[PDB]
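K.L.:
My structure is below; once you've seen it, I'll send some questions.
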Amino acid sequence: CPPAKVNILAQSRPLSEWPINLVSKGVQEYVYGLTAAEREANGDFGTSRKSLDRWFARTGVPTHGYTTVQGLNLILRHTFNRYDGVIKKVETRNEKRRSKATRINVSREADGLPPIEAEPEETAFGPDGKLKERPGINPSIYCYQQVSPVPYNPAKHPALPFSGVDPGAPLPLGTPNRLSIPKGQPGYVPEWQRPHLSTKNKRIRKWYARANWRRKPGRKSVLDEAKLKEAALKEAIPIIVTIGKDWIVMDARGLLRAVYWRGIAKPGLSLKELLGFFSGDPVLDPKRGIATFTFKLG
DNA sequence: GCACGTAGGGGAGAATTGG
RNA sequence: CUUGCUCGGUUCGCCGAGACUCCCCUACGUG
DNA sequence: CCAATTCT
(Lines give C-alpha, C1' and ligand atoms only; values in the text may rest on other atoms or scores of the structure.)
Protein backbone atom coordinates (compact mmCIF):
# COMPACT_ATOMS: atom_id res chain seq x y z
CA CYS A 1 0.00 0.00 0.00
CA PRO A 2 2.19 2.85 -1.28
CA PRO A 3 1.42 6.36 0.00
CA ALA A 4 -0.32 9.23 -1.76
CA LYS A 5 -0.35 12.85 -0.59
CA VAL A 6 -2.83 15.69 -1.08
CA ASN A 7 -2.91 19.35 -0.06
CA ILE A 8 -5.54 20.95 2.18
CA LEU A 9 -7.38 23.82 0.51
CA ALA A 10 -9.96 24.80 3.13
CA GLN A 11 -10.19 24.49 6.90
CA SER A 12 -13.05 25.52 9.18
CA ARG A 13 -10.78 25.63 12.26
CA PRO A 14 -7.18 24.39 12.58
CA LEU A 15 -6.64 20.67 13.19
CA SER A 16 -5.36 21.40 16.72
CA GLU A 17 -8.74 22.79 17.88
CA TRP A 18 -10.55 19.59 16.81
CA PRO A 19 -12.24 17.45 19.48
CA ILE A 20 -10.84 14.37 17.72
CA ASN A 21 -7.33 15.70 18.36
CA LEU A 22 -8.06 17.36 21.71
CA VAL A 23 -9.34 14.05 23.09
CA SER A 24 -6.45 12.14 21.52
CA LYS A 25 -3.85 14.39 23.15
CA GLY A 26 -5.60 14.11 26.52
CA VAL A 27 -5.89 10.32 26.36
CA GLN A 28 -2.19 9.59 25.87
CA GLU A 29 -0.88 12.26 28.25
CA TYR A 30 -2.81 10.49 31.01
CA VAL A 31 -1.60 7.05 29.88
CA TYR A 32 2.10 7.89 29.42
CA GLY A 33 2.32 8.70 33.13
CA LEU A 34 1.33 5.32 34.49
CA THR A 35 3.19 2.74 36.52
CA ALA A 36 3.39 -0.91 35.35
CA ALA A 37 0.66 -1.59 37.93
CA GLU A 38 -1.78 1.23 37.21
CA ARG A 39 -1.85 0.34 33.52
CA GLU A 40 -3.05 -3.21 34.23
CA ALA A 41 -5.95 -1.92 36.32
CA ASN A 42 -6.70 0.81 33.76
CA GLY A 43 -6.00 -1.33 30.69
CA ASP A 44 -9.48 -2.85 30.69
CA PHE A 45 -10.79 -0.69 27.83
CA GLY A 46 -13.47 -2.22 25.63
CA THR A 47 -14.47 -1.55 22.03
CA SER A 48 -18.07 -0.73 22.95
CA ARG A 49 -20.18 2.29 23.79
CA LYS A 50 -20.66 1.35 27.45
CA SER A 51 -17.03 0.36 28.08
CA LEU A 52 -15.63 3.59 26.64
CA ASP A 53 -18.09 5.57 28.79
CA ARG A 54 -16.68 3.63 31.77
CA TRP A 55 -13.03 4.25 30.88
CA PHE A 56 -13.56 7.98 30.26
CA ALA A 57 -15.32 8.38 33.62
CA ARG A 58 -13.22 6.12 35.85
CA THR A 59 -9.91 7.45 34.51
CA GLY A 60 -10.75 11.16 34.53
CA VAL A 61 -9.63 11.81 30.92
CA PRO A 62 -12.00 14.50 29.60
CA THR A 63 -13.98 14.29 26.37
CA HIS A 64 -14.51 17.60 24.56
CA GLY A 65 -17.64 16.40 22.76
CA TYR A 66 -16.14 13.31 21.15
CA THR A 67 -18.16 10.13 21.61
CA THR A 68 -17.49 8.31 18.35
CA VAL A 69 -16.68 4.64 18.89
CA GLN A 70 -14.78 4.14 15.62
CA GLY A 71 -12.71 7.24 16.41
CA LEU A 72 -11.89 6.11 19.94
CA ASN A 73 -10.56 2.66 19.01
CA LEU A 74 -7.84 4.33 16.94
CA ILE A 75 -6.82 6.41 19.98
CA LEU A 76 -7.12 3.89 22.83
CA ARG A 77 -5.57 1.04 20.82
CA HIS A 78 -2.64 3.06 19.48
CA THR A 79 -1.75 4.63 22.83
CA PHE A 80 -1.46 1.42 24.85
CA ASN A 81 0.20 -0.40 21.95
CA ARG A 82 2.92 2.26 21.84
CA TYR A 83 3.11 1.99 25.61
CA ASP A 84 4.05 -1.69 25.44
CA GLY A 85 6.48 -0.78 22.65
CA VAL A 86 8.92 0.82 25.08
CA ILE A 87 8.90 -2.25 27.33
CA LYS A 88 9.16 -4.50 24.27
CA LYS A 89 12.04 -2.36 22.98
CA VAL A 90 13.81 -3.06 26.26
CA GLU A 91 13.16 -6.80 26.33
CA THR A 92 13.89 -7.39 22.65
CA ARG A 93 17.39 -6.09 23.47
CA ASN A 94 17.65 -7.48 27.00
CA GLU A 95 16.57 -10.76 25.39
CA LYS A 96 19.73 -10.51 23.28
CA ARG A 97 21.59 -9.80 26.54
CA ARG A 98 20.14 -13.02 27.97
CA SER A 99 21.04 -14.57 24.62
CA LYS A 100 24.50 -13.08 25.24
CA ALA A 101 24.45 -14.96 28.52
CA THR A 102 23.78 -18.05 26.41
CA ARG A 103 26.72 -17.16 24.15
CA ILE A 104 29.17 -16.89 27.05
CA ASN A 105 27.65 -19.99 28.66
CA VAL A 106 28.01 -22.21 25.57
CA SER A 107 31.79 -21.80 25.59
CA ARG A 108 31.79 -22.19 29.38
CA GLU A 109 30.79 -25.86 29.68
CA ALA A 110 33.30 -26.62 26.92
CA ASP A 111 36.00 -25.08 29.12
CA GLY A 112 34.38 -26.62 32.20
CA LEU A 113 34.89 -23.56 34.41
CA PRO A 114 32.07 -22.12 36.54
CA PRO A 115 30.01 -19.48 34.71
CA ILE A 116 31.44 -15.97 34.74
CA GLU A 117 29.61 -12.96 36.16
CA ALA A 118 27.22 -11.24 33.75
CA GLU A 119 25.51 -7.90 33.32
CA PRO A 120 22.17 -7.47 35.12
CA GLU A 121 18.81 -6.67 33.50
CA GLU A 122 17.75 -3.06 32.87
CA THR A 123 14.05 -2.22 33.15
CA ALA A 124 12.05 0.60 31.57
CA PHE A 125 10.46 2.08 34.72
CA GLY A 126 12.11 4.60 37.03
CA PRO A 127 12.34 4.40 40.82
CA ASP A 128 8.80 5.77 41.20
CA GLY A 129 7.43 3.19 38.75
CA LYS A 130 6.76 5.66 35.94
CA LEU A 131 8.13 4.73 32.51
CA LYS A 132 11.70 5.95 31.95
CA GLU A 133 11.67 6.86 28.23
CA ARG A 134 8.16 8.29 28.06
CA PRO A 135 6.76 8.38 24.51
CA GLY A 136 5.70 11.59 22.84
CA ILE A 137 2.35 12.79 21.57
CA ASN A 138 1.45 11.65 18.08
CA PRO A 139 -0.21 14.61 16.29
CA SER A 140 -1.68 12.46 13.49
CA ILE A 141 -5.48 12.49 13.27
CA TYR A 142 -6.28 8.99 12.04
CA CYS A 143 -9.60 8.79 10.19
CA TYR A 144 -12.40 6.25 10.52
CA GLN A 145 -15.06 4.83 8.22
CA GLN A 146 -18.09 7.04 8.82
CA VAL A 147 -15.97 10.08 8.03
CA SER A 148 -14.35 9.51 4.65
CA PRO A 149 -13.64 11.87 1.74
CA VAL A 150 -16.57 12.47 -0.60
CA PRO A 151 -16.96 14.75 -3.65
CA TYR A 152 -17.81 18.35 -2.84
CA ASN A 153 -21.43 19.39 -3.41
CA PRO A 154 -22.42 23.08 -3.33
CA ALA A 155 -25.91 22.21 -2.07
CA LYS A 156 -25.48 19.97 1.00
CA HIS A 157 -21.88 20.69 1.97
CA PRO A 158 -21.32 24.20 3.37
CA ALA A 159 -21.06 27.18 1.05
CA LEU A 160 -17.46 27.67 0.01
CA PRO A 161 -15.75 29.60 -2.85
CA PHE A 162 -14.85 26.72 -5.17
CA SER A 163 -16.11 24.65 -8.10
CA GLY A 164 -18.00 21.41 -7.64
CA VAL A 165 -17.54 18.41 -9.92
CA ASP A 166 -20.19 15.73 -10.43
CA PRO A 167 -18.91 12.20 -9.77
CA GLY A 168 -20.65 11.08 -12.97
CA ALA A 169 -18.62 13.38 -15.19
CA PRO A 170 -15.12 11.93 -15.79
CA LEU A 171 -12.27 14.13 -14.63
CA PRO A 172 -11.08 16.23 -17.60
CA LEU A 173 -7.67 15.74 -19.19
CA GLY A 174 -5.89 19.05 -18.88
CA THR A 175 -3.69 20.73 -21.48
CA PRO A 176 -4.35 18.10 -24.17
CA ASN A 177 -2.66 20.19 -26.83
CA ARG A 178 0.34 22.41 -26.11
CA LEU A 179 1.03 24.57 -29.15
CA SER A 180 -2.51 25.65 -30.03
CA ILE A 181 -2.50 28.74 -27.84
CA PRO A 182 -2.18 32.14 -29.59
CA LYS A 183 0.58 34.59 -28.67
CA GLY A 184 0.73 35.88 -25.11
CA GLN A 185 -2.04 33.92 -23.39
CA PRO A 186 -0.59 32.18 -20.28
CA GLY A 187 0.47 28.81 -21.65
CA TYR A 188 1.81 30.15 -24.92
CA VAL A 189 4.83 28.22 -26.18
CA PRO A 190 7.27 30.41 -28.15
CA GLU A 191 8.03 29.26 -31.68
CA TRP A 192 11.74 28.58 -31.08
CA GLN A 193 11.07 26.13 -28.24
CA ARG A 194 8.74 24.04 -30.42
CA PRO A 195 11.63 22.18 -32.11
CA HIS A 196 13.40 19.67 -29.86
CA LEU A 197 10.47 19.12 -27.49
CA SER A 198 9.93 15.72 -25.85
CA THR A 199 9.21 12.71 -28.06
CA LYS A 200 8.48 10.67 -24.92
CA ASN A 201 5.32 10.61 -22.81
CA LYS A 202 6.18 12.22 -19.46
CA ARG A 203 4.35 14.17 -16.79
CA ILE A 204 2.97 17.44 -18.16
CA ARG A 205 3.34 20.48 -15.91
CA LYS A 206 0.76 23.25 -16.01
CA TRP A 207 1.72 26.89 -16.41
CA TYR A 208 1.17 27.82 -12.74
CA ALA A 209 3.38 25.07 -11.31
CA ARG A 210 5.92 26.30 -8.77
CA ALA A 211 8.65 24.24 -10.46
CA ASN A 212 8.21 26.48 -13.51
CA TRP A 213 8.56 29.65 -11.39
CA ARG A 214 11.02 28.59 -8.67
CA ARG A 215 13.78 31.12 -8.09
CA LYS A 216 17.30 30.13 -9.12
CA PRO A 217 20.47 31.99 -10.17
CA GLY A 218 19.78 31.51 -13.89
CA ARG A 219 16.10 32.53 -13.79
CA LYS A 220 14.69 36.04 -14.23
CA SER A 221 11.00 35.19 -13.80
CA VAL A 222 9.01 37.26 -11.32
CA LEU A 223 7.11 35.31 -8.65
CA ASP A 224 3.70 36.78 -7.82
CA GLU A 225 1.66 34.43 -5.62
CA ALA A 226 -1.47 36.54 -6.21
CA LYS A 227 -1.85 34.69 -9.54
CA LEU A 228 -0.24 31.25 -9.08
CA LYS A 229 -2.39 30.72 -5.97
CA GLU A 230 -5.67 31.74 -7.63
CA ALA A 231 -5.55 29.94 -10.99
CA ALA A 232 -5.02 26.63 -9.19
CA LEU A 233 -8.17 27.05 -7.08
CA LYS A 234 -10.53 27.18 -10.08
CA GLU A 235 -9.10 23.96 -11.56
CA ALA A 236 -8.85 22.14 -8.22
CA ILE A 237 -10.63 18.88 -7.39
CA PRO A 238 -12.18 19.27 -3.90
CA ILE A 239 -12.76 16.24 -1.67
CA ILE A 240 -14.26 16.90 1.76
CA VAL A 241 -13.81 15.12 5.10
CA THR A 242 -16.35 16.25 7.71
CA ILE A 243 -15.92 15.31 11.38
CA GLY A 244 -18.83 16.62 13.43
CA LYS A 245 -19.23 20.33 12.71
CA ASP A 246 -15.69 20.54 11.29
CA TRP A 247 -14.90 19.94 7.60
CA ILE A 248 -11.66 19.71 5.62
CA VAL A 249 -11.55 20.32 1.87
CA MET A 250 -8.52 18.82 0.12
CA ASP A 251 -7.11 18.69 -3.41
CA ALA A 252 -7.69 15.36 -5.14
CA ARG A 253 -5.12 16.22 -7.83
CA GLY A 254 -2.44 14.60 -5.66
CA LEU A 255 -4.26 11.31 -6.13
CA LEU A 256 -4.92 11.85 -9.85
CA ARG A 257 -1.19 12.13 -10.56
CA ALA A 258 -0.43 8.97 -8.58
CA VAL A 259 -2.63 6.64 -10.63
CA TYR A 260 -1.39 8.17 -13.90
CA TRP A 261 2.32 7.45 -13.45
CA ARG A 262 1.69 3.99 -11.95
CA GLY A 263 -0.54 2.77 -14.79
CA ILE A 264 -3.58 2.06 -12.62
CA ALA A 265 -5.98 4.51 -14.29
CA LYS A 266 -6.14 6.28 -17.65
CA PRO A 267 -7.26 9.78 -18.60
CA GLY A 268 -10.99 9.01 -18.41
CA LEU A 269 -11.88 8.26 -14.79
CA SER A 270 -14.71 9.43 -12.57
CA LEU A 271 -14.17 11.02 -9.16
CA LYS A 272 -15.83 7.98 -7.58
CA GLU A 273 -13.27 5.63 -9.14
CA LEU A 274 -10.39 7.92 -8.20
CA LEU A 275 -11.45 7.90 -4.54
CA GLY A 276 -12.29 4.19 -4.86
CA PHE A 277 -8.65 3.22 -5.47
CA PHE A 278 -7.67 4.36 -1.97
CA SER A 279 -8.52 3.55 1.62
CA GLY A 280 -11.38 5.43 3.23
CA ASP A 281 -9.14 6.26 6.19
CA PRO A 282 -6.81 9.18 5.39
CA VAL A 283 -4.03 10.21 7.74
CA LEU A 284 -3.75 13.89 8.60
CA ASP A 285 -0.73 16.00 9.55
CA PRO A 286 -1.87 19.20 11.32
CA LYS A 287 1.58 20.82 11.36
CA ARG A 288 2.45 20.31 7.69
CA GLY A 289 -1.06 20.85 6.33
CA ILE A 290 -1.16 17.63 4.31
CA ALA A 291 -3.24 14.46 4.12
CA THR A 292 -1.68 11.07 3.37
CA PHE A 293 -3.89 8.62 1.48
CA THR A 294 -2.99 4.97 0.98
CA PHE A 295 -3.80 2.49 -1.79
CA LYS A 296 -5.53 -0.90 -1.56
CA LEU A 297 -4.22 -4.44 -1.89
CA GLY A 298 -4.64 -4.30 -5.68
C1' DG B 1 23.24 23.73 19.90
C1' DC B 2 21.24 23.79 15.00
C1' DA B 3 23.05 18.64 11.48
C1' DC B 4 23.64 14.04 10.33
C1' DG B 5 23.89 9.09 9.61
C1' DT B 6 22.05 5.51 12.22
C1' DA B 7 18.76 1.86 15.57
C1' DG B 8 14.20 0.61 16.87
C1' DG B 9 9.55 0.76 19.04
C1' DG B 10 4.42 2.44 17.09
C1' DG B 11 1.00 3.60 13.05
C1' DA B 12 -0.96 4.01 8.03
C1' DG B 13 -9.79 -1.00 7.24
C1' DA B 14 -14.28 -2.27 5.83
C1' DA B 15 -18.07 -5.66 5.67
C1' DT B 16 -22.64 -6.39 8.36
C1' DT B 17 -25.72 -4.99 12.13
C1' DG B 18 -29.26 -2.41 14.57
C1' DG B 19 -32.19 2.18 16.63
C1' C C 1 0.07 12.29 -16.60
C1' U C 2 -3.68 19.26 -13.85
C1' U C 3 -1.45 19.75 -7.37
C1' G C 4 3.39 19.15 -4.39
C1' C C 5 8.99 18.27 -4.44
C1' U C 6 14.42 17.73 -6.39
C1' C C 7 18.80 18.75 -10.05
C1' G C 8 18.94 21.94 -14.89
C1' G C 9 18.04 25.17 -19.88
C1' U C 10 15.46 30.10 -21.31
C1' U C 11 14.40 35.61 -25.90
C1' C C 12 11.34 35.33 -18.94
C1' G C 13 6.27 33.54 -22.78
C1' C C 14 7.56 27.49 -20.07
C1' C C 15 10.77 23.97 -21.68
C1' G C 16 14.27 19.38 -20.42
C1' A C 17 15.82 15.39 -17.00
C1' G C 18 14.06 12.94 -12.65
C1' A C 19 12.34 11.13 -7.25
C1' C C 20 8.09 8.88 -5.08
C1' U C 21 7.00 4.11 1.51
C1' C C 22 5.79 7.75 4.14
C1' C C 23 4.68 9.61 9.18
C1' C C 24 5.19 10.04 14.66
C1' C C 25 8.11 9.34 19.05
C1' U C 26 12.29 8.14 21.96
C1' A C 27 17.45 7.13 22.17
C1' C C 28 22.95 6.61 21.04
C1' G C 29 27.73 8.28 17.48
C1' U C 30 30.16 12.65 14.19
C1' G C 31 32.96 17.95 14.09
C1' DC D 1 -29.92 7.28 7.69
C1' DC D 2 -25.94 6.22 9.97
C1' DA D 3 -23.51 4.98 14.31
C1' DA D 4 -22.04 0.60 16.80
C1' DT D 5 -20.32 -4.42 16.05
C1' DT D 6 -17.06 -8.09 15.13
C1' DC D 7 -12.90 -9.96 12.64
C1' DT D 8 -8.26 -9.86 10.16
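Letters A, B, ... mark the chains of the C-alpha coordinates in the order given; residue numbers begin at 1 per chain; ligand numbers begin at 1, in order shown.
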Could you give me, as a tab-separated table, a per-residue list for chain A showing, wherever an atom lies at most 7 Å from an atom of chain C, the closest pair of atoms and their distance in Å to one decimal, using only C-alpha atoms (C1' of nucleotides) and sorting by chain then residue number from low to high?
P.N.:
```
residue	atom	partner	partner_atom	distance
A:2	CA	C:21	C1'	5.7
A:3	CA	C:22	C1'	6.2
A:133	CA	C:26	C1'	6.4
A:135	CA	C:25	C1'	5.7
A:136	CA	C:25	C1'	5.0
A:138	CA	C:24	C1'	5.3
A:174	CA	C:2	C1'	5.5
A:184	CA	C:13	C1'	6.5
A:188	CA	C:13	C1'	6.0
A:189	CA	C:13	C1'	6.5
A:190	CA	C:13	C1'	6.3
A:193	CA	C:15	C1'	6.9
A:202	CA	C:1	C1'	6.7
A:203	CA	C:1	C1'	4.7
A:204	CA	C:1	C1'	6.1
A:206	CA	C:2	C1'	6.4
A:207	CA	C:14	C1'	6.9
A:212	CA	C:14	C1'	6.7
A:220	CA	C:12	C1'	5.8
A:221	CA	C:12	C1'	5.2
A:251	CA	C:3	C1'	7.0
A:253	CA	C:3	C1'	5.1
A:254	CA	C:3	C1'	5.5
A:257	CA	C:1	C1'	6.2
A:260	CA	C:1	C1'	5.1
A:261	CA	C:1	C1'	6.2
```
K.L.:
Please report as number ranges by chain which residues of chain A come no farther than 10 Å from chain D, using only C-alpha atoms (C1' of nucleotides).
P.N.:
A: 47-49, 68-70, 146
K.L.:
Sorted by chain and rising residue number, list the residues of chain A at most 10 Å from chain B (counting only C-alpha atoms (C1' of nucleotides)), each with its closest atom pair and distance in Å to one decimal, as a Markdown table.
P.N.:
```
| residue | atom | partner | partner_atom | distance |
| --- | --- | --- | --- | --- |
| A:1 | CA | B:12 | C1' | 9.0 |
| A:2 | CA | B:12 | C1' | 9.9 |
| A:3 | CA | B:12 | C1' | 8.7 |
| A:74 | CA | B:11 | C1' | 9.7 |
| A:78 | CA | B:11 | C1' | 7.4 |
| A:79 | CA | B:10 | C1' | 8.7 |
| A:80 | CA | B:10 | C1' | 9.8 |
| A:81 | CA | B:10 | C1' | 7.0 |
| A:82 | CA | B:10 | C1' | 5.0 |
| A:83 | CA | B:10 | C1' | 8.6 |
| A:84 | CA | B:9 | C1' | 8.8 |
| A:85 | CA | B:9 | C1' | 5.0 |
| A:86 | CA | B:9 | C1' | 6.1 |
| A:87 | CA | B:9 | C1' | 8.8 |
| A:88 | CA | B:9 | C1' | 7.4 |
| A:89 | CA | B:9 | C1' | 5.6 |
| A:90 | CA | B:9 | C1' | 9.2 |
| A:92 | CA | B:8 | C1' | 9.9 |
| A:93 | CA | B:8 | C1' | 9.9 |
| A:135 | CA | B:10 | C1' | 9.8 |
| A:138 | CA | B:11 | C1' | 9.5 |
| A:140 | CA | B:11 | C1' | 9.3 |
| A:142 | CA | B:12 | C1' | 8.3 |
| A:144 | CA | B:13 | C1' | 8.4 |
| A:145 | CA | B:14 | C1' | 7.5 |
| A:279 | CA | B:13 | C1' | 7.3 |
| A:280 | CA | B:13 | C1' | 7.7 |
| A:281 | CA | B:13 | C1' | 7.4 |
| A:282 | CA | B:12 | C1' | 8.2 |
| A:283 | CA | B:12 | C1' | 6.9 |
| A:292 | CA | B:12 | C1' | 8.5 |
| A:293 | CA | B:12 | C1' | 8.5 |
| A:294 | CA | B:12 | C1' | 7.4 |
| A:296 | CA | B:13 | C1' | 9.8 |
```
K.L.:
Deliver the residues from the most recent selection as a file, using N, CA, C and O atoms, as a CSV table (one decimal), in the first residue's frame.
P.N.:
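Below is the file that was written, result-v1.csv:
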```csv
chain,number,residue,atom,x,y,z
A,1,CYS,N,0.8,-1.2,0.0
A,1,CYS,CA,0.0,0.0,0.0
A,1,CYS,C,0.9,1.3,0.0
A,1,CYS,O,1.1,1.9,1.1
A,2,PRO,N,1.3,1.7,-1.2
A,2,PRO,CA,2.2,2.8,-1.3
A,2,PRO,C,1.4,4.1,-0.9
A,2,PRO,O,0.2,4.2,-1.0
A,3,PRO,N,2.1,5.1,-0.4
A,3,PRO,CA,1.4,6.4,0.0
A,3,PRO,C,1.0,7.2,-1.2
A,3,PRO,O,1.4,7.1,-2.3
A,74,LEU,N,-9.1,4.0,17.5
A,74,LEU,CA,-7.8,4.3,16.9
A,74,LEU,C,-7.0,5.2,17.9
A,74,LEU,O,-5.8,5.5,17.5
A,78,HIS,N,-4.0,2.6,19.8
A,78,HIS,CA,-2.6,3.1,19.5
A,78,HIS,C,-1.8,3.4,20.7
A,78,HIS,O,-0.6,3.1,20.8
A,79,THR,N,-2.5,4.1,21.7
A,79,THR,CA,-1.7,4.6,22.8
A,79,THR,C,-1.1,3.5,23.7
A,79,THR,O,0.0,3.5,24.0
A,80,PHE,N,-2.0,2.5,24.0
A,80,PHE,CA,-1.5,1.4,24.9
A,80,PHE,C,-0.5,0.5,24.1
A,80,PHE,O,0.3,-0.2,24.7
A,81,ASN,N,-0.7,0.4,22.7
A,81,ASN,CA,0.2,-0.4,22.0
A,81,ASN,C,1.6,0.2,21.8
A,81,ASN,O,2.6,-0.5,21.7
A,82,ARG,N,1.6,1.6,21.8
A,82,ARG,CA,2.9,2.3,21.8
A,82,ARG,C,3.5,2.2,23.2
A,82,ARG,O,4.7,2.2,23.4
A,83,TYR,N,2.6,2.1,24.2
A,83,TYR,CA,3.1,2.0,25.6
A,83,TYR,C,3.9,0.7,25.8
A,83,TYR,O,5.1,0.7,26.2
A,84,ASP,N,3.3,-0.4,25.4
A,84,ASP,CA,4.1,-1.7,25.4
A,84,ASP,C,5.3,-1.7,24.5
A,84,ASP,O,6.1,-2.6,24.7
A,85,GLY,N,5.3,-0.8,23.5
A,85,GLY,CA,6.5,-0.8,22.6
A,85,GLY,C,7.8,-0.5,23.4
A,85,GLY,O,8.8,-1.0,23.1
A,86,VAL,N,7.7,0.5,24.3
A,86,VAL,CA,8.9,0.8,25.1
A,86,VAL,C,9.4,-0.4,25.9
A,86,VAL,O,10.6,-0.7,25.9
A,87,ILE,N,8.5,-1.1,26.6
A,87,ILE,CA,8.9,-2.3,27.3
A,87,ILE,C,9.4,-3.3,26.4
A,87,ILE,O,10.4,-4.0,26.7
A,88,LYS,N,8.7,-3.5,25.3
A,88,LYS,CA,9.2,-4.5,24.3
A,88,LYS,C,10.5,-4.1,23.7
A,88,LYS,O,11.4,-5.0,23.5
A,89,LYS,N,10.7,-2.8,23.4
A,89,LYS,CA,12.0,-2.4,23.0
A,89,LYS,C,13.1,-2.8,24.0
A,89,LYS,O,14.2,-3.1,23.5
A,90,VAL,N,12.8,-2.7,25.2
A,90,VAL,CA,13.8,-3.1,26.3
A,90,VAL,C,14.1,-4.6,26.2
A,90,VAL,O,15.2,-5.0,26.1
A,92,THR,N,13.4,-6.8,23.9
A,92,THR,CA,13.9,-7.4,22.6
A,92,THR,C,15.4,-7.1,22.5
A,92,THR,O,16.0,-7.6,21.6
A,93,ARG,N,16.0,-6.3,23.4
A,93,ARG,CA,17.4,-6.1,23.5
A,93,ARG,C,18.0,-6.8,24.7
A,93,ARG,O,19.0,-7.5,24.6
A,135,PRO,N,7.0,8.0,25.9
A,135,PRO,CA,6.8,8.4,24.5
A,135,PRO,C,6.2,9.8,24.4
A,135,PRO,O,5.9,10.5,25.4
A,138,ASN,N,1.6,11.7,19.5
A,138,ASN,CA,1.4,11.6,18.1
A,138,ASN,C,0.4,12.7,17.6
A,138,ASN,O,-0.8,12.6,18.1
A,140,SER,N,-0.9,12.9,14.7
A,140,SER,CA,-1.7,12.5,13.5
A,140,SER,C,-3.1,12.2,13.9
A,140,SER,O,-3.4,11.4,14.8
A,142,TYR,N,-5.9,10.1,12.8
A,142,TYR,CA,-6.3,9.0,12.0
A,142,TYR,C,-7.8,9.0,11.8
A,142,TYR,O,-8.6,9.3,12.7
A,144,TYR,N,-11.6,7.4,10.4
A,144,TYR,CA,-12.4,6.2,10.5
A,144,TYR,C,-13.4,6.2,9.4
A,144,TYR,O,-13.5,7.1,8.6
A,145,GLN,N,-14.2,5.1,9.4
A,145,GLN,CA,-15.1,4.8,8.2
A,145,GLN,C,-16.1,5.9,8.0
A,145,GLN,O,-16.3,6.4,6.9
A,279,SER,N,-7.8,3.8,0.4
A,279,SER,CA,-8.5,3.6,1.6
A,279,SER,C,-9.4,4.7,2.0
A,279,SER,O,-9.1,5.9,1.7
A,280,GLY,N,-10.5,4.4,2.8
A,280,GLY,CA,-11.4,5.4,3.2
A,280,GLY,C,-11.0,6.0,4.6
A,280,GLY,O,-11.8,6.6,5.3
A,281,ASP,N,-9.7,5.8,4.9
A,281,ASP,CA,-9.1,6.3,6.2
A,281,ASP,C,-7.9,7.1,6.0
A,281,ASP,O,-6.8,6.6,6.1
A,282,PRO,N,-8.0,8.3,5.5
A,282,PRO,CA,-6.8,9.2,5.4
A,282,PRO,C,-6.1,9.3,6.7
A,282,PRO,O,-6.6,9.0,7.8
A,283,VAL,N,-4.8,9.8,6.6
A,283,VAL,CA,-4.0,10.2,7.7
A,283,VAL,C,-3.7,11.7,7.6
A,283,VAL,O,-3.3,12.1,6.5
A,292,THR,N,-2.4,12.2,4.0
A,292,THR,CA,-1.7,11.1,3.4
A,292,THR,C,-2.7,9.9,3.1
A,292,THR,O,-3.1,9.3,4.1
A,293,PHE,N,-3.1,9.8,1.9
A,293,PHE,CA,-3.9,8.6,1.5
A,293,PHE,C,-3.0,7.4,1.2
A,293,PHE,O,-1.8,7.5,1.0
A,294,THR,N,-3.7,6.2,1.3
A,294,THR,CA,-3.0,5.0,1.0
A,294,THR,C,-3.8,4.2,-0.1
A,294,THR,O,-5.0,4.4,-0.2
A,296,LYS,N,-4.9,0.3,-2.0
A,296,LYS,CA,-5.5,-0.9,-1.6
A,296,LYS,C,-4.6,-2.0,-1.9
A,296,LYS,O,-3.5,-1.8,-2.5
```
K.L.:
Identify which of the residues A:177, A:110, A:9, A:271 lies closest to residue A:229, counting only C-alpha atoms when measuring atom-to-atom distances.
P.N.:
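Comparing A:177, A:110, A:9, A:271 against residue A:229, the winner is A:9.
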